[PDB]
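Undergrad: Before we start, here is the structure in question, set down as structure tokens.
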Amino acid sequence: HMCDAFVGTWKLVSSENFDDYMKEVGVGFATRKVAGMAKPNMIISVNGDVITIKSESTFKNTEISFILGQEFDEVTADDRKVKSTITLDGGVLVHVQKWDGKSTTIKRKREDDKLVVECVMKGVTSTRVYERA
Ligand SMILES: O=c1cc(O)ccn1Cc1ccc(Cl)cc1
């Protein structure tokens with residue numbers, strides 16, 4: 001039952017500072033424009049120890065499967081090749097991406113009936129709110 005509160009199909013309902021987060025990460029202009037327009041759904045499922053997070057939008061579809069605490073290689077929507085580790089720390093999914101000596105962290109947390117995603121690069125934080133589909 002690891003992560004039951006996260007499992008299901010979620011749809012983006014609001015975003016703040018995501019363009020600025022992408023700038024901080026190094027995402028180029030045309031990718032930022034199209035990625036920032038997206039209204040993705042996030043589909044989270046668990047099978048045994050394997051968690052799968054799929055993100056579907058008109059921009060890109062991504063899918064990652066992983067075991068908590070076990071590093072994996074990820075190709076992000078913006079085409080960075082990163083080394084990622086996802087852990088569950090005090091009920092929060094914490095997703096760290098490492099590439100080119102840089103690091104960014106994406107946190108996913110349940111708050112009321114929402115799933116709140118906080119993306120942090122250096123001093124820039126973006127908050128994205130998802131609701132059940
Ligand atoms: O998967 C997600 C979902 C979000 O709501 C926010 C960030 N990311 C990762 C992401 C990173 C870069 C780009 Cl361009 C798009 C999405």
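Each chain of the structure tokens is named A, B, ... in the order shown, its residues numbered from 1; ligands are numbered from 1 in display order.
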Could you list, as an mmCIF file with N, CA, C and O atoms, in the first residue's frame, all protein and nucleic acid residues with an atom at most 9 Å from ligand 1, counting only C-alpha atoms and all ligand atoms?

TA:
data_model
loop_
_atom_site.group_PDB
_atom_site.id
_atom_site.type_symbol
_atom_site.label_atom_id
_atom_site.label_comp_id
_atom_site.auth_asym_id
_atom_site.auth_seq_id
_atom_site.Cartn_x
_atom_site.Cartn_y
_atom_site.Cartn_z
ATOM 1 N N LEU A 12 -3.819 18.478 -14.466
ATOM 2 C CA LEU A 12 -3.271 19.773 -14.039
ATOM 3 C C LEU A 12 -4.359 20.832 -14.017
ATOM 4 O O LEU A 12 -5.044 21.001 -15.030
ATOM 5 N N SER A 15 -0.853 26.332 -12.400
ATOM 6 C CA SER A 15 0.601 26.394 -12.406
ATOM 7 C C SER A 15 1.063 27.788 -12.054
ATOM 8 O O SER A 15 0.448 28.777 -12.456
ATOM 9 N N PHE A 18 6.288 28.171 -13.616
ATOM 10 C CA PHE A 18 6.861 27.034 -14.339
ATOM 11 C C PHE A 18 7.781 27.510 -15.456
ATOM 12 O O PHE A 18 8.839 26.903 -15.710
ATOM 13 N N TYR A 21 10.988 28.295 -13.745
ATOM 14 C CA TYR A 21 11.659 27.060 -13.383
ATOM 15 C C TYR A 21 12.350 26.469 -14.601
ATOM 16 O O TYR A 21 13.536 26.107 -14.522
ATOM 17 N N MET A 22 11.641 26.356 -15.727
ATOM 18 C CA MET A 22 12.258 25.829 -16.917
ATOM 19 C C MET A 22 13.448 26.657 -17.368
ATOM 20 O O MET A 22 14.466 26.101 -17.806
ATOM 21 N N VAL A 25 16.384 25.697 -15.272
ATOM 22 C CA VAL A 25 16.851 24.406 -15.646
ATOM 23 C C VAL A 25 17.694 24.427 -16.906
ATOM 24 O O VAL A 25 18.598 23.611 -17.056
ATOM 25 N N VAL A 27 15.974 25.042 -20.137
ATOM 26 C CA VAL A 27 15.114 24.724 -21.246
ATOM 27 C C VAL A 27 15.053 25.938 -22.205
ATOM 28 O O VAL A 27 14.942 27.075 -21.780
ATOM 29 N N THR A 31 10.764 25.103 -26.616
ATOM 30 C CA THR A 31 10.322 24.046 -25.698
ATOM 31 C C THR A 31 9.560 24.613 -24.521
ATOM 32 O O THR A 31 8.499 24.114 -24.158
ATOM 33 N N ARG A 32 10.042 25.689 -23.940
ATOM 34 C CA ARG A 32 9.330 26.302 -22.832
ATOM 35 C C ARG A 32 7.953 26.723 -23.254
ATOM 36 O O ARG A 32 6.994 26.577 -22.467
ATOM 37 N N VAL A 34 5.929 25.613 -25.643
ATOM 38 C CA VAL A 34 4.980 24.509 -25.909
ATOM 39 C C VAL A 34 4.762 23.682 -24.624
ATOM 40 O O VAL A 34 3.656 23.277 -24.351
ATOM 41 N N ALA A 35 5.811 23.443 -23.876
ATOM 42 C CA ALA A 35 5.710 22.689 -22.616
ATOM 43 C C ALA A 35 4.873 23.454 -21.612
ATOM 44 O O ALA A 35 4.112 22.887 -20.838
ATOM 45 N N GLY A 36 5.020 24.782 -21.574
ATOM 46 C CA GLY A 36 4.274 25.523 -20.611
ATOM 47 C C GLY A 36 2.791 25.634 -20.910
ATOM 48 O O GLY A 36 1.985 25.860 -20.027
ATOM 49 N N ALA A 38 1.106 23.067 -21.984
ATOM 50 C CA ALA A 38 0.523 21.772 -21.791
ATOM 51 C C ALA A 38 -0.332 21.730 -20.522
ATOM 52 O O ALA A 38 -0.049 22.390 -19.511
ATOM 53 N N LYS A 39 -1.357 20.894 -20.550
ATOM 54 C CA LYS A 39 -2.210 20.642 -19.420
ATOM 55 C C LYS A 39 -2.167 19.135 -19.174
ATOM 56 O O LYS A 39 -3.084 18.406 -19.532
ATOM 57 N N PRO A 40 -1.056 18.624 -18.636
ATOM 58 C CA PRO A 40 -0.877 17.186 -18.611
ATOM 59 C C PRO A 40 -1.779 16.462 -17.618
ATOM 60 O O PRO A 40 -2.269 17.029 -16.665
ATOM 61 N N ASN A 41 -1.984 15.201 -17.885
ATOM 62 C CA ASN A 41 -2.463 14.292 -16.854
ATOM 63 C C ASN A 41 -1.296 13.477 -16.333
ATOM 64 O O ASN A 41 -0.400 13.117 -17.084
ATOM 65 N N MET A 42 -1.324 13.181 -15.051
ATOM 66 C CA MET A 42 -0.290 12.405 -14.361
ATOM 67 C C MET A 42 -1.003 11.127 -13.871
ATOM 68 O O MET A 42 -2.005 11.220 -13.137
ATOM 69 N N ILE A 53 5.004 6.310 -13.037
ATOM 70 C CA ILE A 53 4.411 7.657 -13.244
ATOM 71 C C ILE A 53 4.422 7.951 -14.737
ATOM 72 O O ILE A 53 5.484 8.008 -15.363
ATOM 73 N N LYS A 54 3.221 8.089 -15.296
ATOM 74 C CA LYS A 54 3.059 8.486 -16.700
ATOM 75 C C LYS A 54 2.533 9.874 -16.747
ATOM 76 O O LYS A 54 1.653 10.244 -15.981
ATOM 77 N N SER A 55 3.053 10.666 -17.667
ATOM 78 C CA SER A 55 2.581 12.012 -17.856
ATOM 79 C C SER A 55 2.203 12.145 -19.318
ATOM 80 O O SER A 55 3.005 11.863 -20.221
ATOM 81 N N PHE A 59 2.083 18.027 -25.586
ATOM 82 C CA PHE A 59 3.534 18.278 -25.753
ATOM 83 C C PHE A 59 4.325 16.989 -25.841
ATOM 84 O O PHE A 59 5.018 16.765 -26.814
ATOM 85 N N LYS A 60 4.217 16.133 -24.844
ATOM 86 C CA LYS A 60 5.017 14.903 -24.826
ATOM 87 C C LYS A 60 4.302 13.960 -23.888
ATOM 88 O O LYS A 60 3.473 14.311 -23.021
ATOM 89 N N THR A 62 5.468 10.962 -21.317
ATOM 90 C CA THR A 62 6.585 10.374 -20.629
ATOM 91 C C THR A 62 6.054 9.251 -19.741
ATOM 92 O O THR A 62 4.915 9.261 -19.291
ATOM 93 N N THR A 76 14.123 13.239 -19.797
ATOM 94 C CA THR A 76 13.049 14.123 -19.375
ATOM 95 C C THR A 76 12.305 14.641 -20.614
ATOM 96 O O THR A 76 12.761 14.496 -21.748
ATOM 97 N N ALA A 77 11.168 15.271 -20.383
ATOM 98 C CA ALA A 77 10.348 15.769 -21.495
ATOM 99 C C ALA A 77 11.078 16.765 -22.370
ATOM 100 O O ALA A 77 10.852 16.814 -23.578
ATOM 101 N N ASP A 78 11.941 17.533 -21.742
ATOM 102 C CA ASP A 78 12.814 18.490 -22.443
ATOM 103 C C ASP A 78 14.135 17.903 -22.968
ATOM 104 O O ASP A 78 15.019 18.632 -23.428
ATOM 105 N N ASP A 79 14.223 16.578 -22.955
ATOM 106 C CA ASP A 79 15.353 15.820 -23.532
ATOM 107 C C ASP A 79 16.658 15.921 -22.771
ATOM 108 O O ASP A 79 17.723 15.737 -23.352
ATOM 109 N N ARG A 80 16.608 16.164 -21.460
ATOM 110 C CA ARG A 80 17.817 15.999 -20.650
ATOM 111 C C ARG A 80 17.953 14.521 -20.339
ATOM 112 O O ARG A 80 16.964 13.856 -20.032
ATOM 113 N N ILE A 106 11.889 17.451 -7.769
ATOM 114 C CA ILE A 106 10.446 17.547 -7.955
ATOM 115 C C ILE A 106 9.817 16.798 -6.798
ATOM 116 O O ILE A 106 10.100 15.617 -6.597
ATOM 117 N N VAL A 116 -0.036 18.097 -5.226
ATOM 118 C CA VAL A 116 0.739 19.307 -5.461
ATOM 119 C C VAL A 116 2.169 18.926 -5.828
ATOM 120 O O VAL A 116 2.785 18.099 -5.161
ATOM 121 N N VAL A 117 2.622 19.475 -6.957
ATOM 122 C CA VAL A 117 3.944 19.223 -7.478
ATOM 123 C C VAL A 117 4.769 20.493 -7.337
ATOM 124 O O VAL A 117 4.398 21.546 -7.863
ATOM 125 N N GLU A 118 5.888 20.381 -6.643
ATOM 126 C CA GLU A 118 6.789 21.498 -6.469
ATOM 127 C C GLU A 118 8.111 21.164 -7.138
ATOM 128 O O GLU A 118 8.749 20.150 -6.798
ATOM 129 N N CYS A 119 8.508 21.978 -8.089
ATOM 130 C CA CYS A 119 9.724 21.775 -8.875
ATOM 131 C C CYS A 119 10.691 22.867 -8.446
ATOM 132 O O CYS A 119 10.358 24.046 -8.524
ATOM 133 N N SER A 126 8.547 26.244 -8.687
ATOM 134 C CA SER A 126 7.271 26.227 -9.365
ATOM 135 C C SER A 126 6.346 25.297 -8.644
ATOM 136 O O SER A 126 6.735 24.194 -8.261
ATOM 137 N N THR A 127 5.091 25.717 -8.460
ATOM 138 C CA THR A 127 4.041 24.938 -7.804
ATOM 139 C C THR A 127 2.947 24.673 -8.825
ATOM 140 O O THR A 127 2.389 25.611 -9.420
ATOM 141 N N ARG A 128 2.636 23.403 -9.005
ATOM 142 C CA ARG A 128 1.640 22.909 -9.970
ATOM 143 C C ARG A 128 0.641 22.064 -9.207
ATOM 144 O O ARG A 128 1.005 21.200 -8.425
ATOM 145 N N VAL A 129 -0.627 22.362 -9.419
ATOM 146 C CA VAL A 129 -1.679 21.702 -8.651
ATOM 147 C C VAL A 129 -2.463 20.804 -9.590
ATOM 148 O O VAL A 129 -2.904 21.274 -10.654
ATOM 149 N N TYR A 130 -2.607 19.544 -9.203
ATOM 150 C CA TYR A 130 -3.400 18.564 -9.932
ATOM 151 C C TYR A 130 -4.595 18.126 -9.086
ATOM 152 O O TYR A 130 -4.516 18.079 -7.864
#

Undergrad: Quick one: everything within 8 Å of residue A:98, counting only C-alpha atoms, minus sequence neighbours fewer than 4 positions away in the same chain. Send it as a PyMOL selection string.

TA: chain A and resi 82-84+102-104

Undergrad: List the neighbours of residue A:93 out to 12 Å using only C-alpha atoms; skip same-chain residues closer than 2 positions along the sequence, and give me the result as number ranges by chain.

TA: A: 2-6, 44, 51, 53, 67-69, 85-91, 95-96, 105-110, 115-119

Undergrad: Any chance you could export the current selection's N, CA and C atoms as a CSV table (one decimal), in the first residue's frame?

TA:
chain,number,residue,atom,x,y,z
A,2,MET,N,2.1,1.0,-0.6
A,2,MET,CA,3.0,2.1,-0.5
A,2,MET,C,2.7,3.1,-1.6
A,3,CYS,N,2.2,4.2,-1.1
A,3,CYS,CA,1.8,5.3,-2.1
A,3,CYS,C,0.3,5.2,-2.5
A,4,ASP,N,-0.5,4.5,-1.7
A,4,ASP,CA,-1.9,4.5,-2.2
A,4,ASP,C,-2.6,5.8,-2.4
A,5,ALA,N,-2.3,6.8,-1.6
A,5,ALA,CA,-2.9,8.1,-1.8
A,5,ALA,C,-2.5,8.8,-3.1
A,6,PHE,N,-1.4,8.3,-3.7
A,6,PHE,CA,-1.0,8.9,-4.9
A,6,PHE,C,-1.6,8.2,-6.2
A,44,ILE,N,-0.5,7.6,-11.9
A,44,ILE,CA,0.4,7.0,-10.9
A,44,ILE,C,-0.2,5.6,-10.6
A,51,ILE,N,6.8,1.5,-8.9
A,51,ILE,CA,5.9,2.6,-9.1
A,51,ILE,C,6.1,3.1,-10.5
A,53,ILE,N,5.0,6.3,-13.0
A,53,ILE,CA,4.4,7.7,-13.2
A,53,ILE,C,4.4,8.0,-14.7
A,67,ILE,N,11.9,1.8,-8.5
A,67,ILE,CA,11.8,1.3,-7.1
A,67,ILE,C,12.3,2.4,-6.3
A,68,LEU,N,11.7,2.7,-5.1
A,68,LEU,CA,12.1,3.8,-4.3
A,68,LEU,C,13.5,3.5,-3.8
A,69,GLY,N,14.3,4.6,-3.8
A,69,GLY,CA,15.7,4.6,-3.5
A,69,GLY,C,16.7,4.0,-4.4
A,85,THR,N,16.6,9.6,-8.8
A,85,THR,CA,16.3,8.8,-7.6
A,85,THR,C,15.1,9.3,-7.0
A,86,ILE,N,14.1,8.4,-6.7
A,86,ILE,CA,12.8,8.8,-6.1
A,86,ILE,C,12.7,8.1,-4.8
A,87,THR,N,12.4,8.9,-3.7
A,87,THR,CA,12.3,8.3,-2.4
A,87,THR,C,11.0,8.8,-1.8
A,88,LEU,N,10.5,8.2,-0.8
A,88,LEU,CA,9.3,8.6,-0.1
A,88,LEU,C,9.7,9.0,1.3
A,89,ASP,N,9.7,10.3,1.5
A,89,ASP,CA,10.2,10.9,2.7
A,89,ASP,C,9.1,11.7,3.5
A,90,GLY,N,8.7,11.1,4.6
A,90,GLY,CA,7.6,11.7,5.3
A,90,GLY,C,6.3,11.9,4.5
A,91,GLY,N,6.0,10.9,3.7
A,91,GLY,CA,4.8,10.9,2.9
A,91,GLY,C,4.8,11.7,1.5
A,95,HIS,N,11.8,13.4,-6.0
A,95,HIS,CA,12.4,13.0,-7.2
A,95,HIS,C,13.6,13.9,-7.5
A,96,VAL,N,14.8,13.4,-7.4
A,96,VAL,CA,16.0,14.2,-7.7
A,96,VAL,C,16.6,13.7,-9.0
A,105,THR,N,15.0,19.1,-8.1
A,105,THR,CA,14.1,18.2,-7.3
A,105,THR,C,12.7,18.5,-7.5
A,106,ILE,N,11.9,17.5,-7.8
A,106,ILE,CA,10.4,17.5,-8.0
A,106,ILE,C,9.8,16.8,-6.8
A,107,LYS,N,9.0,17.5,-6.0
A,107,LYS,CA,8.3,16.9,-4.9
A,107,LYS,C,6.8,16.7,-5.3
A,108,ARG,N,6.2,15.6,-5.0
A,108,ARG,CA,4.8,15.3,-5.2
A,108,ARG,C,4.2,15.0,-3.8
A,109,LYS,N,3.1,15.7,-3.5
A,109,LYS,CA,2.5,15.6,-2.2
A,109,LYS,C,1.0,15.7,-2.3
A,110,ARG,N,0.3,14.9,-1.4
A,110,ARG,CA,-1.1,15.0,-1.3
A,110,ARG,C,-1.4,16.1,-0.3
A,115,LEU,N,-3.1,16.9,-5.6
A,115,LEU,CA,-1.7,16.4,-5.7
A,115,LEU,C,-0.9,17.7,-6.1
A,116,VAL,N,0.0,18.1,-5.2
A,116,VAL,CA,0.7,19.3,-5.5
A,116,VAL,C,2.2,18.9,-5.8
A,117,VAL,N,2.6,19.5,-7.0
A,117,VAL,CA,3.9,19.2,-7.5
A,117,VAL,C,4.8,20.5,-7.3
A,118,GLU,N,5.9,20.4,-6.6
A,118,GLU,CA,6.8,21.5,-6.5
A,118,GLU,C,8.1,21.2,-7.1
A,119,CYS,N,8.5,22.0,-8.1
A,119,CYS,CA,9.7,21.8,-8.9
A,119,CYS,C,10.7,22.9,-8.4

Undergrad: What's the 12 Å shell around residue A:1, counting only C-alpha atoms, without same-chain residues fewer than 5 positions away, as a PyMOL selection string?

TA: chain A and resi 6-7+45-51

Undergrad: Filtering to C-alpha atoms, could you give me those residues as a compact mmCIF listing (two decimals), in the first residue's frame?

TA:
# COMPACT_ATOMS: atom_id res chain seq x y z
CA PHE A 6 -0.99 8.93 -4.95
CA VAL A 7 -2.41 6.22 -7.15
CA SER A 45 0.27 3.25 -10.37
CA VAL A 46 1.94 0.72 -8.11
CA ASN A 47 2.60 -2.96 -8.79
CA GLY A 48 4.56 -4.56 -5.97
CA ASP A 49 7.64 -2.46 -5.34
CA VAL A 50 7.47 -0.83 -8.80
CA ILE A 51 5.92 2.61 -9.09

Undergrad: What's the separation between atom CA of residue A:37 and atom CA of residue A:57, in Å to one decimal place?

TA: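 So the answer is 9.6 Å.
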
Undergrad: Apply DSSP to the structure's backbone, then extract all residues of chain A labelled helix (DSSP H, G or I) and return them as a PyMOL selection string.

TA: chain A and resi 4-6+18-25+29-37
